[PDB]
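A quick note on method: Cβ atoms are made from the backbone with ideal geometry, for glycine too, and the neighbour counts reach across all protein chains shown. What follows is calculated from the coordinates using simple rules that are stated; it is not laboratory data.
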Amino acid sequence: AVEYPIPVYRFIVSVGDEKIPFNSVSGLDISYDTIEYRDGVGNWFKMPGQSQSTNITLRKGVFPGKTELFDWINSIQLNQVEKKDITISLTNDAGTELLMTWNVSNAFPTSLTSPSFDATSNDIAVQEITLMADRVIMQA
Amino acid sequence: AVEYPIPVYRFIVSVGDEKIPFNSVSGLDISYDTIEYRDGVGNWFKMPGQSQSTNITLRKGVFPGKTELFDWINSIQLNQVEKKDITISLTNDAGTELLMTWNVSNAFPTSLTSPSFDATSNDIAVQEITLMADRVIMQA
Amino acid sequence: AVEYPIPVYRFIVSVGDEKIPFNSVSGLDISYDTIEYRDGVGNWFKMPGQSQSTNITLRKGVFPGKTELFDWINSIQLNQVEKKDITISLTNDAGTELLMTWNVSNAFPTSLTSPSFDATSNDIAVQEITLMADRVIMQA
Amino acid sequence: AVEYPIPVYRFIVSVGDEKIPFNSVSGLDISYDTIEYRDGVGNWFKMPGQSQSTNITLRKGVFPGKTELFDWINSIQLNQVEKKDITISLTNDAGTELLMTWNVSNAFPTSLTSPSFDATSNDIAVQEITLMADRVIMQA
Amino acid sequence: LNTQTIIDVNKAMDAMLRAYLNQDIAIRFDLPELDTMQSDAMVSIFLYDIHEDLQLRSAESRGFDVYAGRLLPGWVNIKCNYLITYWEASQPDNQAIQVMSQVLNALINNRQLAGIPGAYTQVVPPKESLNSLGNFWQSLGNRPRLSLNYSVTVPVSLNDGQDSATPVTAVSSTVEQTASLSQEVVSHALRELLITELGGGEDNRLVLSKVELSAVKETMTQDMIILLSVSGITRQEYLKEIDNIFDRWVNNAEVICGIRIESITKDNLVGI
Amino acid sequence: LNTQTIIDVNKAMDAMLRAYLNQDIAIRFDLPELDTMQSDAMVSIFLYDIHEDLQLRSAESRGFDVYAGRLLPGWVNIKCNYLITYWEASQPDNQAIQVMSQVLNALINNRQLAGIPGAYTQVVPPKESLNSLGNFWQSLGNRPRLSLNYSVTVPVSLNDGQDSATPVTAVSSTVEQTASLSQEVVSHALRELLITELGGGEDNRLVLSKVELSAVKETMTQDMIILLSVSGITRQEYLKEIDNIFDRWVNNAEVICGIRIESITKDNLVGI
């Protein structure tokens, strides 16, 4: 058995309860800070400290007449925004199974960037959106 | 139905009440700041805070004898500048409909950059202008 | 009528009263600062503030036996330097008309950079000079 | 005898007690700080001071159904994480001997970055993990 | 600077170039054949590739002519690249130099094209190398020679006249007081009625979980008439009973701010 | 904007292009031969390379049709590049220009393809140079000519219908109290029994170091029944004795929170 690693073009992103086509998902890293306490005698203490914040910037092509990402970020008044879970998971190319699954709990979008209109190109209109959430764990 | 995303070369920018040909429009992002309140007990509060400012830098080719962008920025005395709405909207290539429409409310131009004259090139004279406004929302 | 934008290779730069051949002229941007006053109630005030300074860096090939740019900057004693207007203007290729004209009022040169001698090249000796002035307006 | 240097594609990384296939291992440098004491008379004292911290960022392809790196970093509560030795060693291509061996003592993972999903590529899903440890020495 | 055609820029090659050339040099607009027993001294204006230039494009709305009620077609900005060589049937004063110098004095003099002004043109640009010209000289049967290239960008028009709109005649606006209840408050009250009309419970709410009730209403009493449209999915069992529920729920004495249900009860749900 | 086939975009070339061309220009969908004694004036729509475009792809789950209990196939987004030349059997009004201008007015007018709408197309893009066209003109027997290229991206479908799943009918959940001991506490107590049942010591722990005991259990007394699965490696000597130990350890009067050992004693270890 050799068990080649799975490529990145096959994944499913399900925001909330509906599945939506995303062009790219980046980041989503578990991170920690380190705490050092150098003694006078000479030994060293290296422990992992407070959990660093998790930031996710994921893109999407602009689709004609479908507003999913704007109606999320339009509901932000002073701090009361609805939060919904994000599950990013890789499949096999049959499409049935989920091989490795990340879930991102209580995500709310800080910013979304409208597509950079450059009228000297034949490219497609893509709009980022930058979520920010806590407690990203990987399943199996 | 597959519903491919619309390309970026077809859009209309209408400044104020007249439509003018712009070579490029960039930025125009809704953005927010985040507020964190780490408890002593251990839970984490992540809320979206104050709305970050919106900055738009859009270009234009230099046209012979037509001064639209300068007569806007020439009217700036101490702080009294006329402000006018900007509507950037993507179409279908027939040109009739508007698929997805951004409007930028109360825009006033901070700066415009005159075209960088480089006499070792065959390129066209393009002049940026940097608006700054509030309350960018997307329609449908 | 389509009215293509004019290319950048045809322009005239007249320093003071004599016309001199410049290889490139860059910058010359009208710019302003913004002033924000966030209220307690919630509305936002965005006004354009003090005029930002204008900086122009324009190049020139080194010509045998003609010293225009040095005899300008050599006259700088403690702060008394002669100041002269710069008019950069695009033409049509017949050379008769001026389509769009910038004038830069009361320019004095801060610095000029002597040509970077690299004896492993077949390039031509070009010397920048960095003017600094106020009140750049565009004519028609 | 010429004794060409050994290439970098053949190495073994054994985390803890089990050997696992890593795509790349970077860093792992012994480092020191310098202390200078400039005299009044004129001589100079250059000594090596406190040992700088050691940081290792090593990658891995995502494998279907095998969670080694996550079950390491999931066990981090407040500062109590299990620490295990890492031995990176180069071989000859027969696979029997170890020519030059690094060992990294008491390693614990600060952060691991989930694979950057870009659905416009045919690349393979790779996930970094950033250990941090002390007392890296080379054997023979 | 009107909208052009590719023949109108090809005919402007000949009227530009024959005013500077000799009178007895034939001008063929195709690259000649290999053997070509022909009249001597042809100048071959060859159009090798035409493509739209992305650099000159912009964001244009279709203009509106008012006196016809018609929308304007629009332009494409297509760029046409040429290649001007010299063919035949040993001195500093060559024969091939004297014709190519007469072409070159016509190209750099017509920077903007005289028969068609306003076209954005590039004369004799540094597009080549010896590697790129090596693959071109191989193409025309291994005969190296001089070549001048000269590129015009002209707007080509689309063809339609059926897209028509009328000019805006009158602007009339009518402000009004919106009622206290909205489309969202009503949609909770209809579904919670329909849960209760079925009999309530959790097992009846989950089978009706994928059904939405959206109301388009006209409040006509001012001390209200509401009709809805139903869409979703539901199971095979409760499809018959719910279709029995909003059957009788419409045609009644309007007993349920009142809920006066009327004609439109649009169905998009098909039960599974 | 339904799912297409490569023939359905090839047939949409002919219905697009023959509405703007002349009536007597033959349209061949293959690049012609070298000698080609043929009918004059063919327009050769040549499909030179087809490949899936990575730019247009996305992250799609297979959709679910409910009324059939079937999963949808999915699409590939394959891009088809064309090359449109003009072949034959000396003026500004050339014959070859008049046909290529009639093709060009058909390409830029059909930016979205009229027979197949929703296909994301690129008309006449700047893909070429003289070096790249030099290797193409060499390929078709050293005859340089004009060429227009035009690329359509259409979705092609996979073919299966056997992947089937039923819709979710009922959601039932059953919360319960988990016992004080877990799978980890039990697994220490079984191995430390098995070390002690063998006789203890360090030399008996190392030969049993590569054996794990993992329990799947049902606690049925509430004042408990536990069965395990054994896997690993062990030496040739203690394979017989340990297989004698958990032989008698199962079928006993359940004397060892109690450890009531039962039927499943799954073995994956083969002794060496």
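General observations
- The range E:232-261: number of residues that are of a type in the set (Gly, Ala, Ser) and touching a helix residue (DSSP H, G or I) at 6+ places or on another chain (Cβ under 9 Å): 0
- Identity of the residue in the range A:118-140, surrounded by 16 or more Cβ atoms within 10 Å (Cβ to Cβ) and not in a strand (DSSP E or B), that ends up farthest from the other protein chains (Cβ to nearest Cβ): A:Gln127
- Subset of the range F:107-127 [over 14 Å from F:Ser151 (Cα atoms) and at the interface with chain E (Cβ under 10 Å from one of its Cβ atoms)]: F:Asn109
- Some residue of the range E:93-102 being within 14 Å of chain F (Cβ to nearest Cβ), surrounded by 11 or more Cβ atoms within 10 Å (Cβ to Cβ) and either in contact with a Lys or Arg (Cβ under 7 Å, 6 or more places away or on another chain) or part of a loop (DSSP other than H, G, I, E, B) (or both): no
- Top-ranked residue in the range E:142-171 [being part of a strand (DSSP E or B) and among the aliphatic types (A, V, I, L, M); ranked as farthest from the other protein chains (Cβ to nearest Cβ)]: E:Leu148
- Against the test of being among the aliphatic types (A, V, I, L, M) and either farther than 22 Å from B:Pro21 by Cα or within 13 Å of the chain's Cα centre (by Cα) (or both), the options A:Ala125, A:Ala140, A:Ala119 yield a single qualifying residue, A:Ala140.
- Selection status of F:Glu262, among the acidic types (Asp, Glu), assigned to a loop (DSSP other than H, G, I, E, B) and either more than 23 Å from F:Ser180 (Cβ to Cβ) or touching a strand residue (DSSP E or B) at 6+ places or on another chain (Cβ under 6 Å) (or both): no
- Residue match in the range A:104-117 (condition: touching an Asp or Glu at 6+ places or on another chain (Cβ under 9 Å), more than 30 Å from B:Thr57 (Cβ to Cβ), more than 11 Å from chain B (Cβ to nearest Cβ) and not small (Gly, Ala, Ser)): yes
- Residues in the range E:32-57 that are part of a loop (DSSP other than H, G, I, E, B), of a type outside the set (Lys, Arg) and within 14 Å of chain B (Cβ to nearest Cβ): E:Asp53, E:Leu54, E:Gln55, E:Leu56.
- Number of the condition not met by E:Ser139 [criteria: (1) out of contact with any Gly (no Cβ under 9 Å at 6 or more places or on another chain); (2) within 11 Å of another protein chain (Cβ to nearest Cβ); (3) under 30 Å from F:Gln138 (Cα atoms); (4) surrounded by 15 or more Cβ atoms within 10 Å (Cβ to Cβ)]: (1)
- Pair list, Cβ < 8 Å and 6+ apart or interchain, from the range E:58-86 residues that are within 12 Å of chain B (Cβ to nearest Cβ) and closer than 18 Å to B:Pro7 by Cα to residues that are among the basic types (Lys, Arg) and part of a strand (DSSP E or B): E:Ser61/B:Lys19
- Search result, residues across the range F:182-231 that are assigned to a loop (DSSP other than H, G, I, E, B) and closer than 15 Å to F:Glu262 by Cβ: F:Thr219, F:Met220, F:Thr221, F:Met224
- Subset of the range D:55-93 (residues that are at the interface with chain A (Cβ under 10 Å from one of its Cβ atoms) and farther than 30 Å from B:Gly42 by Cβ): D:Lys60, D:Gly61, D:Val62, D:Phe63, D:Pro64, D:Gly65, D:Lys66
- Considered as a group, the residues in the range F:257-272 that are surrounded by 14 or more Cβ atoms within 10 Å (Cβ to Cβ) and either touching a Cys at 6+ places or on another chain (Cβ under 7 Å) or among the hydrophobic types (A, V, I, L, M, F, W, C) (or both) include one that is farthest from F:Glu197 (Cα to Cα), and that residue is F:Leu269.
- Some residue of the range E:35-56 being over 21 Å from E:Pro125 (Cα atoms), exposed (fewer than 12 other Cβ atoms within 10 Å of the Cβ) and touching an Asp or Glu at 6+ places or on another chain (Cβ under 7 Å): yes
- Residue in the range E:66-86 that is of a type in the set (A, V, I, L, M), buried (at least 16 other Cβ atoms within 10 Å of the Cβ) and closer than 23 Å to E:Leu140 by Cβ present: yes
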